[PDB]
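Undergrad: Data file work09.cif (mmCIF, C-alpha atoms and all ligand atoms) is appended below.
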data_my_file
#
loop_
_atom_site.label_atom_id
_atom_site.label_comp_id
_atom_site.auth_asym_id
_atom_site.auth_seq_id
_atom_site.Cartn_x
_atom_site.Cartn_y
_atom_site.Cartn_z
CA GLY A 1 -8.39 -14.22 -8.98
CA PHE A 2 -6.77 -16.18 -6.19
CA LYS A 3 -5.45 -19.10 -8.38
CA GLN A 4 -3.91 -16.53 -10.75
CA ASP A 5 -2.31 -14.74 -7.84
CA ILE A 6 -0.59 -17.94 -6.80
CA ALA A 7 0.84 -18.13 -10.38
CA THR A 8 1.88 -14.48 -10.30
CA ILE A 9 3.67 -14.91 -6.99
CA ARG A 10 5.26 -18.24 -7.96
CA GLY A 11 6.49 -16.71 -11.21
CA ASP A 12 8.85 -14.41 -9.33
CA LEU A 13 8.71 -16.07 -5.95
CA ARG A 14 12.05 -14.69 -4.60
CA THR A 15 11.16 -11.12 -5.31
CA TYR A 16 7.57 -11.38 -3.96
CA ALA A 17 8.68 -13.34 -0.84
CA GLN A 18 11.35 -10.71 0.05
CA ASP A 19 9.04 -7.77 -0.83
CA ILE A 20 6.24 -9.00 1.27
CA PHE A 21 8.41 -10.02 4.17
CA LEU A 22 9.96 -6.54 4.26
CA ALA A 23 6.49 -4.95 4.07
CA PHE A 24 5.53 -7.09 7.10
CA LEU A 25 8.61 -5.98 9.03
CA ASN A 26 8.07 -2.30 8.09
CA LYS A 27 4.40 -2.34 9.14
CA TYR A 28 5.13 -4.29 12.39
CA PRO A 29 8.76 -3.54 13.22
CA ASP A 30 8.65 -5.24 16.56
CA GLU A 31 8.29 -8.56 14.62
CA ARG A 32 11.99 -8.37 13.58
CA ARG A 33 12.93 -9.66 17.09
CA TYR A 34 12.02 -13.25 15.89
CA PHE A 35 14.76 -12.99 13.22
CA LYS A 36 17.85 -12.17 15.31
CA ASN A 37 20.25 -12.11 12.32
CA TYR A 38 18.25 -9.33 10.58
CA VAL A 39 18.46 -6.77 13.41
CA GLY A 40 20.36 -3.69 12.33
CA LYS A 41 20.73 -4.62 8.64
CA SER A 42 19.50 -2.54 5.75
CA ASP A 43 17.32 -4.10 3.08
CA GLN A 44 20.26 -4.39 0.64
CA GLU A 45 22.41 -5.99 3.32
CA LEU A 46 19.63 -8.50 4.03
CA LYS A 47 19.38 -9.46 0.33
CA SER A 48 23.18 -10.15 0.47
CA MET A 49 22.70 -12.66 3.23
CA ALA A 50 22.17 -16.19 1.90
CA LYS A 51 19.62 -17.32 4.60
CA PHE A 52 17.50 -14.18 4.03
CA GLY A 53 16.61 -15.01 0.39
CA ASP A 54 16.60 -18.78 1.11
CA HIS A 55 14.43 -18.83 4.21
CA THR A 56 12.04 -16.18 2.87
CA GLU A 57 11.56 -18.04 -0.41
CA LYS A 58 10.92 -21.26 1.47
CA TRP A 59 8.41 -19.56 3.74
CA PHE A 60 6.44 -18.24 0.69
CA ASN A 61 6.75 -21.49 -1.16
CA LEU A 62 4.99 -23.27 1.67
CA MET A 63 2.51 -20.35 1.78
CA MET A 64 1.74 -20.98 -1.89
CA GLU A 65 1.49 -24.74 -1.33
CA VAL A 66 -1.07 -24.13 1.42
CA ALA A 67 -2.91 -21.53 -0.77
CA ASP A 68 -3.09 -23.98 -3.69
CA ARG A 69 -4.40 -26.88 -1.57
CA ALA A 70 -7.18 -24.66 -0.20
CA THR A 71 -10.72 -24.86 -1.42
CA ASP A 72 -12.30 -21.37 -1.85
CA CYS A 73 -9.62 -20.00 0.48
CA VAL A 74 -10.25 -22.50 3.20
CA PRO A 75 -6.89 -24.24 4.05
CA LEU A 76 -6.51 -27.90 4.94
CA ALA A 77 -6.39 -28.49 8.70
CA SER A 78 -3.32 -30.68 8.03
CA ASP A 79 -1.54 -27.65 6.60
CA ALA A 80 -2.44 -25.50 9.57
CA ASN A 81 -1.12 -28.25 11.83
CA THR A 82 2.22 -28.25 10.00
CA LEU A 83 2.58 -24.53 10.63
CA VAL A 84 1.74 -24.97 14.32
CA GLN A 85 4.05 -27.99 14.93
CA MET A 86 7.18 -26.39 13.21
CA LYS A 87 9.96 -25.94 15.77
CA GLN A 88 10.68 -22.53 14.19
CA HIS A 89 7.15 -21.42 15.12
CA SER A 90 7.08 -22.63 18.74
CA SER A 91 6.84 -19.25 20.33
CA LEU A 92 4.35 -17.75 17.83
CA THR A 93 0.73 -16.97 18.40
CA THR A 94 -2.11 -16.35 15.94
CA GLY A 95 -1.46 -12.59 16.31
CA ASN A 96 1.87 -13.05 14.45
CA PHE A 97 0.02 -14.58 11.50
CA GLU A 98 -2.77 -11.94 11.61
CA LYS A 99 -0.09 -9.24 11.30
CA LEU A 100 1.54 -11.05 8.34
CA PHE A 101 -1.71 -11.14 6.52
CA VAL A 102 -2.64 -7.56 7.20
CA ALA A 103 0.77 -6.53 5.70
CA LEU A 104 0.36 -9.01 2.76
CA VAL A 105 -3.08 -7.59 1.89
CA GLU A 106 -1.84 -3.96 2.22
CA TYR A 107 1.08 -4.79 -0.04
CA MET A 108 -1.27 -6.31 -2.67
CA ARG A 109 -3.63 -3.30 -2.58
CA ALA A 110 -0.69 -0.84 -3.06
CA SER A 111 0.98 -2.77 -5.86
CA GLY A 112 0.79 -2.14 -9.66
CA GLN A 113 -1.12 -5.18 -9.62
CA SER A 114 -3.87 -6.95 -10.20
CA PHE A 115 -4.17 -9.19 -7.06
CA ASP A 116 -7.49 -10.39 -5.63
CA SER A 117 -6.72 -8.97 -2.20
CA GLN A 118 -10.14 -9.64 -0.70
CA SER A 119 -9.47 -13.41 -1.13
CA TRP A 120 -5.99 -13.18 0.50
CA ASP A 121 -7.67 -11.37 3.45
CA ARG A 122 -10.26 -14.24 3.67
CA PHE A 123 -7.57 -16.93 3.30
CA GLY A 124 -5.62 -15.26 6.12
CA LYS A 125 -8.69 -15.22 8.33
CA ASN A 126 -9.42 -18.83 7.58
CA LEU A 127 -5.84 -19.91 8.16
CA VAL A 128 -5.81 -18.02 11.54
CA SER A 129 -8.98 -19.98 12.57
CA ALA A 130 -7.31 -23.27 11.58
CA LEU A 131 -4.08 -22.38 13.48
CA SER A 132 -6.04 -21.64 16.66
CA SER A 133 -7.96 -24.90 16.30
CA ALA A 134 -4.72 -26.88 15.72
CA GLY A 135 -3.58 -25.48 19.12
CA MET A 136 -1.70 -22.22 18.41
CA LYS A 137 -2.23 -19.98 21.49
CA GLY B 1 13.41 -0.74 10.46
CA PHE B 2 15.86 1.78 11.76
CA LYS B 3 18.78 0.81 9.50
CA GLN B 4 16.56 1.02 6.40
CA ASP B 5 15.10 4.38 7.54
CA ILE B 6 18.64 5.84 7.48
CA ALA B 7 18.90 4.78 3.76
CA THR B 8 15.39 6.20 3.07
CA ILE B 9 16.26 9.59 4.54
CA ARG B 10 19.64 9.57 2.71
CA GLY B 11 17.84 8.89 -0.59
CA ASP B 12 16.04 12.29 -0.37
CA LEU B 13 18.02 14.01 2.34
CA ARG B 14 17.46 17.70 1.39
CA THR B 15 13.74 17.29 1.40
CA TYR B 16 13.50 15.19 4.60
CA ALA B 17 16.03 17.45 6.43
CA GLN B 18 14.17 20.65 5.59
CA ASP B 19 10.70 18.98 6.25
CA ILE B 20 11.78 17.77 9.72
CA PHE B 21 13.62 20.92 10.70
CA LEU B 22 10.59 22.98 9.69
CA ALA B 23 8.36 20.60 11.73
CA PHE B 24 10.67 21.30 14.68
CA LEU B 25 10.67 25.15 14.38
CA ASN B 26 6.89 25.16 13.87
CA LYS B 27 6.16 22.92 16.83
CA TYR B 28 8.73 24.86 18.98
CA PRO B 29 8.79 28.48 17.56
CA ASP B 30 10.87 29.58 20.61
CA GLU B 31 13.77 27.54 19.25
CA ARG B 32 14.40 30.11 16.44
CA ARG B 33 16.41 32.23 18.96
CA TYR B 34 19.31 29.75 18.62
CA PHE B 35 19.54 30.60 14.93
CA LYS B 36 20.19 33.72 12.94
CA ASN B 37 17.83 35.10 10.32
CA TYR B 38 14.89 32.64 10.64
CA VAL B 39 12.36 34.71 12.62
CA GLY B 40 9.49 36.43 10.68
CA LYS B 41 9.63 33.92 7.80
CA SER B 42 7.15 31.39 6.40
CA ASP B 43 8.29 27.84 5.48
CA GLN B 44 8.65 28.78 1.76
CA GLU B 45 10.65 31.90 2.64
CA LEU B 46 13.10 29.78 4.76
CA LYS B 47 13.39 27.23 1.95
CA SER B 48 14.54 29.95 -0.44
CA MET B 49 17.15 31.45 1.90
CA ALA B 50 20.77 30.91 0.80
CA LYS B 51 21.93 29.05 3.90
CA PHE B 52 18.74 27.28 5.21
CA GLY B 53 18.84 24.19 2.92
CA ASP B 54 22.61 23.90 3.16
CA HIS B 55 22.90 24.08 6.92
CA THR B 56 19.89 21.76 7.46
CA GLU B 57 21.36 19.24 5.11
CA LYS B 58 24.66 19.41 6.99
CA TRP B 59 22.85 18.82 10.28
CA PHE B 60 21.03 15.74 8.93
CA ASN B 61 24.03 14.39 7.02
CA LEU B 62 25.72 14.13 10.41
CA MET B 63 22.63 12.94 12.23
CA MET B 64 22.38 10.07 9.76
CA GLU B 65 26.04 9.18 10.27
CA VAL B 66 25.44 9.15 14.07
CA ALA B 67 22.36 6.87 13.53
CA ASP B 68 24.35 4.66 11.17
CA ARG B 69 27.34 4.28 13.55
CA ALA B 70 24.94 3.31 16.36
CA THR B 71 24.34 -0.29 17.52
CA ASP B 72 20.68 -1.01 18.39
CA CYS B 73 19.97 2.79 18.37
CA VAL B 74 22.75 3.47 20.90
CA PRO B 75 25.10 6.20 19.44
CA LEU B 76 28.90 6.16 19.87
CA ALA B 77 30.20 8.18 22.79
CA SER B 78 32.68 9.96 20.46
CA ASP B 79 29.73 11.07 18.30
CA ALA B 80 28.00 12.40 21.41
CA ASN B 81 31.22 14.23 22.51
CA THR B 82 31.44 15.82 19.06
CA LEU B 83 28.01 17.20 19.33
CA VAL B 84 28.52 18.52 22.85
CA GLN B 85 31.90 20.15 21.97
CA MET B 86 30.91 21.78 18.64
CA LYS B 87 31.19 25.55 19.10
CA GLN B 88 27.87 25.90 17.26
CA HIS B 89 26.22 24.01 20.11
CA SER B 90 27.82 25.91 23.00
CA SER B 91 24.43 27.43 24.13
CA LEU B 92 22.42 24.17 23.99
CA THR B 93 21.17 21.81 26.72
CA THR B 94 19.73 18.30 26.28
CA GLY B 95 16.19 19.78 26.21
CA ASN B 96 16.86 21.26 22.77
CA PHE B 97 17.62 17.79 21.52
CA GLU B 98 14.61 16.25 23.28
CA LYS B 99 12.39 18.77 21.46
CA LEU B 100 13.98 18.05 18.09
CA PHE B 101 13.33 14.32 18.60
CA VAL B 102 9.75 14.91 19.68
CA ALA B 103 9.16 16.72 16.39
CA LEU B 104 11.11 14.16 14.30
CA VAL B 105 9.11 11.28 15.75
CA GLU B 106 5.76 13.07 15.24
CA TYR B 107 6.75 13.84 11.68
CA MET B 108 7.52 10.20 11.00
CA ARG B 109 4.23 8.99 12.52
CA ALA B 110 2.33 11.52 10.25
CA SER B 111 4.23 10.76 7.03
CA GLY B 112 3.08 8.46 4.14
CA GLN B 113 6.37 6.54 4.45
CA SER B 114 6.74 3.50 6.76
CA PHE B 115 9.31 4.77 9.27
CA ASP B 116 10.12 2.81 12.42
CA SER B 117 9.23 5.82 14.55
CA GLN B 118 9.57 3.92 17.90
CA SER B 119 13.23 3.22 17.01
CA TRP B 120 13.84 6.86 16.30
CA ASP B 121 12.26 7.74 19.65
CA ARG B 122 14.64 5.27 21.34
CA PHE B 123 17.58 6.67 19.37
CA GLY B 124 16.67 10.26 20.44
CA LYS B 125 16.53 9.19 24.09
CA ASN B 126 19.81 7.25 23.86
CA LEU B 127 21.40 10.25 22.22
CA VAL B 128 20.16 12.65 24.97
CA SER B 129 21.48 10.15 27.58
CA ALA B 130 24.81 10.09 25.68
CA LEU B 131 24.92 13.98 25.57
CA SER B 132 24.40 14.06 29.32
CA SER B 133 27.14 11.44 29.80
CA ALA B 134 29.44 13.62 27.63
CA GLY B 135 28.65 16.57 29.93
CA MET B 136 25.90 18.59 28.18
CA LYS B 137 23.66 20.29 30.79
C1 LIG C 1 21.50 15.05 16.51
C2 LIG C 1 21.13 16.38 16.44
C3 LIG C 1 22.06 17.41 15.73
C4 LIG C 1 23.08 17.28 14.85
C5 LIG C 1 23.61 16.04 14.12
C6 LIG C 1 23.59 18.57 14.56
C7 LIG C 1 24.64 18.86 13.68
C8 LIG C 1 25.03 20.17 13.37
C9 LIG C 1 25.94 20.48 12.29
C10 LIG C 1 26.57 19.36 11.44
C11 LIG C 1 26.02 21.78 12.16
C12 LIG C 1 26.91 22.61 11.18
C13 LIG C 1 26.16 23.01 9.90
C14 LIG C 1 27.09 23.69 8.90
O1 LIG C 1 28.36 23.69 9.03
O2 LIG C 1 26.56 24.24 7.91
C15 LIG C 1 25.24 22.39 13.20
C16 LIG C 1 25.12 23.75 13.45
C17 LIG C 1 24.16 24.24 14.32
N1 LIG C 1 23.31 23.58 15.22
FE1 LIG C 1 23.21 21.52 15.39
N2 LIG C 1 22.94 19.49 15.35
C18 LIG C 1 22.01 18.81 16.09
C19 LIG C 1 21.05 19.32 16.96
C20 LIG C 1 20.82 20.68 17.19
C21 LIG C 1 19.73 21.27 17.94
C22 LIG C 1 18.69 20.44 18.73
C23 LIG C 1 19.91 22.66 17.91
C24 LIG C 1 19.07 23.80 18.59
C25 LIG C 1 17.83 23.58 18.94
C26 LIG C 1 21.05 22.90 17.05
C27 LIG C 1 21.57 24.16 16.81
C28 LIG C 1 22.57 24.46 15.92
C29 LIG C 1 22.98 25.77 15.58
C30 LIG C 1 22.40 27.04 16.20
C31 LIG C 1 24.04 25.65 14.53
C32 LIG C 1 24.84 26.75 13.84
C33 LIG C 1 23.85 27.65 13.07
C34 LIG C 1 23.18 26.98 11.90
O3 LIG C 1 23.69 25.99 11.37
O4 LIG C 1 22.13 27.50 11.45
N3 LIG C 1 21.62 21.66 16.70
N4 LIG C 1 24.62 21.39 13.93
#
Turn this file's structure into structure tokens for me.
TA:
Amino acid sequence: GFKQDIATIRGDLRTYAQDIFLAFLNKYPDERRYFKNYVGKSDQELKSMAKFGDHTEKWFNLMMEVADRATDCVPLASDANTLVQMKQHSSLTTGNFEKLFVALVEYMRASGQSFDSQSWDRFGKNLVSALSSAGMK
Amino acid sequence: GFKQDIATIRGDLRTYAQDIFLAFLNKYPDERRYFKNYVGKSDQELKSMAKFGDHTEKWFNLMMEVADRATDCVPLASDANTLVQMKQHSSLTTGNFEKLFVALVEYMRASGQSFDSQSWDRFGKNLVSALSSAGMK
């Protein structure tokens, strides 16, 4: 279930974080414009770039921290507020996060794995509600 | 994105090149007049002809190099000049290229693979603008 998926992802967090981030960019290619250093780079070139692995891991580590602090996939409002207040997210809207989760859930459903994708969909929906209510436009 | 799509095509070039070229001749059957020996033939018949796979791979080998030497889907002028000046292209106008790109983009949109089809549409239009700049009618 969901708690197991957090363990699965954490176990190989680098690989999962990069995999899922690329899936997000491939499903919604216009989203690459928020990551100016990744424009025009192949996947292999991106994995050669220190900030690519580092920032993506750190993104999914916080994702897992928020997932683990949730109760039945409902995130803390304090965690949603962190995500809204981050300088790196100042020009985001809830639509950016809805896209990420659509891609995340599609990735889980396509994998050789046994993720509880329905719960990740619900967590995404609940986090999007909490972002909007913490003031994300 | 675009850069990764070049690597994806290159990973199974023969198949993608023949798939896309066939999509082009089937959408635009009129275009067979520019070629020798292709009229009167089903897809599987073309695929078994001595020269079909080889020439289509040569076309897409170079198209991938032109895509790869581009910056932000804008091809090099010297690559455009090459294409305009090739003797094999002496009877072409930019409309032939526009039709190829229409078919390429529709093929990507229909495929199971996650191509950045909007980027290929931009690349096709930048390439036709570059052909015109290089003097193709
Ligand atoms: C970016 C687009 C294109 C590229 C990179 C390209 C490249 C090439 C190359 C590399 C060859 C030589 C193949 C060989 O030596 O075996 C070739 C030949 C040829 N091209 Fe193009 N070409 C392009 C577009 C077109 C289009 C749109 C047409 C007509 C609709 C066309 C018509 C021909 C013809 C008639 C030949 C010689 C006959 C043949 O190979 O069957 N090309 N092209």
Undergrad: Within 9 Å of chain B, which residues of chain A are there when counting only C-alpha atoms? Please give them as an MDAnalysis selection string.
TA: chainID A and resid 23 25:30 32 39:44
Undergrad: Distance cut-off 12 Å, centre (12.6, 23.0, 15.4) in file coordinates, counting only C-alpha atoms: which residues qualify? Return them as number ranges by chain.
TA: B: 17-35, 38, 43, 56, 95-104, 107
Undergrad: For residue 77 (chain A), please output as number ranges by chain all residues within 9 Å (counting all atoms listed in the file; exclusion window: fewer than 6 positions along the same chain).
TA: A: 127, 130-131, 133-134
Undergrad: Could the residues in this selection be saved with C-alpha atoms as a PDB file, in the frame of the given file?
TA:
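What ended up in selection.pdb:
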ATOM      1  CA  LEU A 127      -5.840 -19.910   8.160  1.00  0.00           C
ATOM      2  CA  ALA A 130      -7.310 -23.270  11.580  1.00  0.00           C
ATOM      3  CA  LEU A 131      -4.080 -22.380  13.480  1.00  0.00           C
ATOM      4  CA  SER A 133      -7.960 -24.900  16.300  1.00  0.00           C
ATOM      5  CA  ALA A 134      -4.720 -26.880  15.720  1.00  0.00           C
TER       6      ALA A 134
END
Undergrad: If chain A is fitted onto chain B by least squares over all C-alpha atoms, taken pair by pair in sequence order, what do its new coordinates look like as a PDB file with C-alpha atoms, in the frame of the given file?
TA:
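Final output, selection-v4.pdb:
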ATOM      1  CA  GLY A   1      13.370  -0.739  10.152  1.00  0.00           C
ATOM      2  CA  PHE A   2      15.904   1.770  11.393  1.00  0.00           C
ATOM      3  CA  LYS A   3      18.667   0.966   8.788  1.00  0.00           C
ATOM      4  CA  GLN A   4      16.058   1.320   6.020  1.00  0.00           C
ATOM      5  CA  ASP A   5      14.930   4.626   7.445  1.00  0.00           C
ATOM      6  CA  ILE A   6      18.459   5.953   7.194  1.00  0.00           C
ATOM      7  CA  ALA A   7      18.376   4.972   3.462  1.00  0.00           C
ATOM      8  CA  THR A   8      14.964   6.565   2.982  1.00  0.00           C
ATOM      9  CA  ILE A   9      16.093   9.812   4.571  1.00  0.00           C
ATOM     10  CA  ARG A  10      19.461   9.847   2.778  1.00  0.00           C
ATOM     11  CA  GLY A  11      17.707   9.240  -0.534  1.00  0.00           C
ATOM     12  CA  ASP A  12      16.054  12.651  -0.378  1.00  0.00           C
ATOM     13  CA  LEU A  13      18.113  14.169   2.388  1.00  0.00           C
ATOM     14  CA  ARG A  14      17.434  17.866   1.517  1.00  0.00           C
ATOM     15  CA  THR A  15      13.710  17.459   1.548  1.00  0.00           C
ATOM     16  CA  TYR A  16      13.616  15.351   4.762  1.00  0.00           C
ATOM     17  CA  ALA A  17      16.118  17.647   6.571  1.00  0.00           C
ATOM     18  CA  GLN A  18      14.054  20.795   5.753  1.00  0.00           C
ATOM     19  CA  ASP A  19      10.714  19.042   6.479  1.00  0.00           C
ATOM     20  CA  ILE A  20      11.788  17.801   9.806  1.00  0.00           C
ATOM     21  CA  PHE A  21      13.496  20.995  10.827  1.00  0.00           C
ATOM     22  CA  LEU A  22      10.327  22.962  10.049  1.00  0.00           C
ATOM     23  CA  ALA A  23       8.231  20.424  11.991  1.00  0.00           C
ATOM     24  CA  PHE A  24      10.593  20.996  14.954  1.00  0.00           C
ATOM     25  CA  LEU A  25      10.218  24.769  14.698  1.00  0.00           C
ATOM     26  CA  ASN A  26       6.407  24.528  14.339  1.00  0.00           C
ATOM     27  CA  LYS A  27       6.045  22.226  17.363  1.00  0.00           C
ATOM     28  CA  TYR A  28       8.499  24.300  19.502  1.00  0.00           C
ATOM     29  CA  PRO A  29       8.411  27.799  18.028  1.00  0.00           C
ATOM     30  CA  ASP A  30      10.508  29.310  20.744  1.00  0.00           C
ATOM     31  CA  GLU A  31      13.449  27.243  19.330  1.00  0.00           C
ATOM     32  CA  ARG A  32      13.669  29.604  16.299  1.00  0.00           C
ATOM     33  CA  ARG A  33      15.542  32.124  18.536  1.00  0.00           C
ATOM     34  CA  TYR A  34      18.765  29.998  18.038  1.00  0.00           C
ATOM     35  CA  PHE A  35      18.557  30.669  14.269  1.00  0.00           C
ATOM     36  CA  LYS A  36      18.490  34.485  14.130  1.00  0.00           C
ATOM     37  CA  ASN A  37      18.384  34.662  10.301  1.00  0.00           C
ATOM     38  CA  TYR A  38      15.132  32.624  10.147  1.00  0.00           C
ATOM     39  CA  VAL A  39      13.033  34.938  12.350  1.00  0.00           C
ATOM     40  CA  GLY A  40      10.151  36.425  10.416  1.00  0.00           C
ATOM     41  CA  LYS A  41      10.622  34.395   7.210  1.00  0.00           C
ATOM     42  CA  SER A  42       8.015  32.161   5.660  1.00  0.00           C
ATOM     43  CA  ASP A  43       8.864  28.581   4.777  1.00  0.00           C
ATOM     44  CA  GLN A  44       9.255  29.435   1.062  1.00  0.00           C
ATOM     45  CA  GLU A  45      11.500  32.370   1.906  1.00  0.00           C
ATOM     46  CA  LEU A  46      13.644  30.085   4.078  1.00  0.00           C
ATOM     47  CA  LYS A  47      14.052  27.554   1.232  1.00  0.00           C
ATOM     48  CA  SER A  48      15.308  30.502  -0.928  1.00  0.00           C
ATOM     49  CA  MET A  49      18.066  31.224   1.525  1.00  0.00           C
ATOM     50  CA  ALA A  50      21.269  29.335   0.698  1.00  0.00           C
ATOM     51  CA  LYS A  51      22.362  28.659   4.361  1.00  0.00           C
ATOM     52  CA  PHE A  52      18.896  27.275   5.227  1.00  0.00           C
ATOM     53  CA  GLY A  53      19.090  24.298   2.813  1.00  0.00           C
ATOM     54  CA  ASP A  54      22.879  23.960   3.320  1.00  0.00           C
ATOM     55  CA  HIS A  55      23.023  24.030   7.101  1.00  0.00           C
ATOM     56  CA  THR A  56      19.894  21.890   7.498  1.00  0.00           C
ATOM     57  CA  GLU A  57      21.206  19.241   5.109  1.00  0.00           C
ATOM     58  CA  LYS A  58      24.519  19.186   6.935  1.00  0.00           C
ATOM     59  CA  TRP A  59      22.787  18.854  10.286  1.00  0.00           C
ATOM     60  CA  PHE A  60      20.794  15.791   9.032  1.00  0.00           C
ATOM     61  CA  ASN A  61      23.777  14.320   7.293  1.00  0.00           C
ATOM     62  CA  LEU A  62      25.641  14.215  10.578  1.00  0.00           C
ATOM     63  CA  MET A  63      22.428  12.897  12.200  1.00  0.00           C
ATOM     64  CA  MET A  64      22.440  10.037   9.694  1.00  0.00           C
ATOM     65  CA  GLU A  65      26.163   9.418  10.216  1.00  0.00           C
ATOM     66  CA  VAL A  66      25.556   9.108  13.961  1.00  0.00           C
ATOM     67  CA  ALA A  67      22.443   6.900  13.347  1.00  0.00           C
ATOM     68  CA  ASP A  68      24.426   4.581  11.056  1.00  0.00           C
ATOM     69  CA  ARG A  69      27.358   4.198  13.480  1.00  0.00           C
ATOM     70  CA  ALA A  70      24.956   3.234  16.279  1.00  0.00           C
ATOM     71  CA  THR A  71      24.466  -0.311  17.397  1.00  0.00           C
ATOM     72  CA  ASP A  72      20.755  -1.117  18.062  1.00  0.00           C
ATOM     73  CA  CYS A  73      20.121   2.623  18.371  1.00  0.00           C
ATOM     74  CA  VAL A  74      22.842   3.205  20.881  1.00  0.00           C
ATOM     75  CA  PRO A  75      25.157   6.009  19.532  1.00  0.00           C
ATOM     76  CA  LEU A  76      28.919   6.099  19.947  1.00  0.00           C
ATOM     77  CA  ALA A  77      30.019   8.255  22.886  1.00  0.00           C
ATOM     78  CA  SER A  78      32.528   9.860  20.479  1.00  0.00           C
ATOM     79  CA  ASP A  79      29.630  11.040  18.333  1.00  0.00           C
ATOM     80  CA  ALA A  80      27.788  12.475  21.300  1.00  0.00           C
ATOM     81  CA  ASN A  81      30.981  14.283  22.276  1.00  0.00           C
ATOM     82  CA  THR A  82      31.228  15.863  18.820  1.00  0.00           C
ATOM     83  CA  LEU A  83      27.721  17.250  19.189  1.00  0.00           C
ATOM     84  CA  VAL A  84      28.522  18.637  22.645  1.00  0.00           C
ATOM     85  CA  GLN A  85      31.904  20.217  21.701  1.00  0.00           C
ATOM     86  CA  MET A  86      30.568  22.013  18.491  1.00  0.00           C
ATOM     87  CA  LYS A  87      30.880  25.783  18.906  1.00  0.00           C
ATOM     88  CA  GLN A  88      27.433  26.113  17.278  1.00  0.00           C
ATOM     89  CA  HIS A  89      25.949  24.081  20.146  1.00  0.00           C
ATOM     90  CA  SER A  90      27.610  25.883  23.074  1.00  0.00           C
ATOM     91  CA  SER A  91      24.475  27.285  24.564  1.00  0.00           C
ATOM     92  CA  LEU A  92      22.303  24.165  24.064  1.00  0.00           C
ATOM     93  CA  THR A  93      21.081  21.788  26.690  1.00  0.00           C
ATOM     94  CA  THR A  94      19.724  18.241  26.412  1.00  0.00           C
ATOM     95  CA  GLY A  95      16.185  19.715  26.400  1.00  0.00           C
ATOM     96  CA  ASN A  96      16.878  21.179  22.917  1.00  0.00           C
ATOM     97  CA  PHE A  97      17.709  17.704  21.613  1.00  0.00           C
ATOM     98  CA  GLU A  98      14.725  16.085  23.413  1.00  0.00           C
ATOM     99  CA  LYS A  99      12.433  18.560  21.627  1.00  0.00           C
ATOM    100  CA  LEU A 100      14.051  17.775  18.241  1.00  0.00           C
ATOM    101  CA  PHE A 101      13.415  14.133  18.708  1.00  0.00           C
ATOM    102  CA  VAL A 102       9.861  14.502  19.880  1.00  0.00           C
ATOM    103  CA  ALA A 103       9.154  16.533  16.669  1.00  0.00           C
ATOM    104  CA  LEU A 104      11.130  14.014  14.498  1.00  0.00           C
ATOM    105  CA  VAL A 105       9.114  11.072  15.872  1.00  0.00           C
ATOM    106  CA  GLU A 106       5.784  12.963  15.475  1.00  0.00           C
ATOM    107  CA  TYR A 107       6.725  13.798  11.905  1.00  0.00           C
ATOM    108  CA  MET A 108       7.516  10.115  11.156  1.00  0.00           C
ATOM    109  CA  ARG A 109       4.230   8.898  12.693  1.00  0.00           C
ATOM    110  CA  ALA A 110       2.189  11.432  10.610  1.00  0.00           C
ATOM    111  CA  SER A 111       3.951  10.747   7.327  1.00  0.00           C
ATOM    112  CA  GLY A 112       2.796   8.521   4.397  1.00  0.00           C
ATOM    113  CA  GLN A 113       5.499   6.431   5.502  1.00  0.00           C
ATOM    114  CA  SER A 114       6.750   3.570   6.634  1.00  0.00           C
ATOM    115  CA  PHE A 115       9.321   4.707   9.291  1.00  0.00           C
ATOM    116  CA  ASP A 116      10.199   2.673  12.389  1.00  0.00           C
ATOM    117  CA  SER A 117       9.381   5.551  14.718  1.00  0.00           C
ATOM    118  CA  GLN A 118       9.734   3.583  17.943  1.00  0.00           C
ATOM    119  CA  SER A 119      13.469   3.116  17.122  1.00  0.00           C
ATOM    120  CA  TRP A 120      13.976   6.857  16.369  1.00  0.00           C
ATOM    121  CA  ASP A 121      12.350   7.597  19.776  1.00  0.00           C
ATOM    122  CA  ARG A 122      14.809   5.107  21.434  1.00  0.00           C
ATOM    123  CA  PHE A 123      17.793   6.486  19.483  1.00  0.00           C
ATOM    124  CA  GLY A 124      16.822   9.993  20.625  1.00  0.00           C
ATOM    125  CA  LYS A 125      16.626   8.854  24.227  1.00  0.00           C
ATOM    126  CA  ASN A 126      19.955   7.126  23.984  1.00  0.00           C
ATOM    127  CA  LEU A 127      21.620  10.079  22.301  1.00  0.00           C
ATOM    128  CA  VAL A 128      20.225  12.435  25.039  1.00  0.00           C
ATOM    129  CA  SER A 129      21.816  10.137  27.711  1.00  0.00           C
ATOM    130  CA  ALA A 130      25.154  10.231  25.856  1.00  0.00           C
ATOM    131  CA  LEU A 131      25.013  14.062  25.482  1.00  0.00           C
ATOM    132  CA  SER A 132      24.425  14.502  29.218  1.00  0.00           C
ATOM    133  CA  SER A 133      27.288  12.129  30.003  1.00  0.00           C
ATOM    134  CA  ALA A 134      29.628  13.962  27.571  1.00  0.00           C
ATOM    135  CA  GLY A 135      28.880  17.110  29.656  1.00  0.00           C
ATOM    136  CA  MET A 136      25.868  18.832  28.034  1.00  0.00           C
ATOM    137  CA  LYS A 137      24.008  20.641  30.872  1.00  0.00           C
TER     138      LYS A 137
END
Undergrad: So, with only C-alpha atoms and all ligand atoms as the atoms that count, which of B:15, B:85, B:48, B:8 lies closest to ligand LIG 1 (chain C)?
TA: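 Selected residue with least distance to ligand LIG 1 (chain C): B:85.
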Undergrad: Please compute the CA of residue 92 (chain A)-CA of residue 122 (chain A) distance, one decimal, in Å.
TA: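 Straight-line distance from CA of residue 92 (chain A) to CA of residue 122 (chain A) works out to 20.6 Å.
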Undergrad: In Å, how far is it from CA of residue 36 (chain B) to CA of residue 61 (chain B)?
TA: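 Value for the CA of residue 36 (chain B)-CA of residue 61 (chain B) distance: 20.6 Å.
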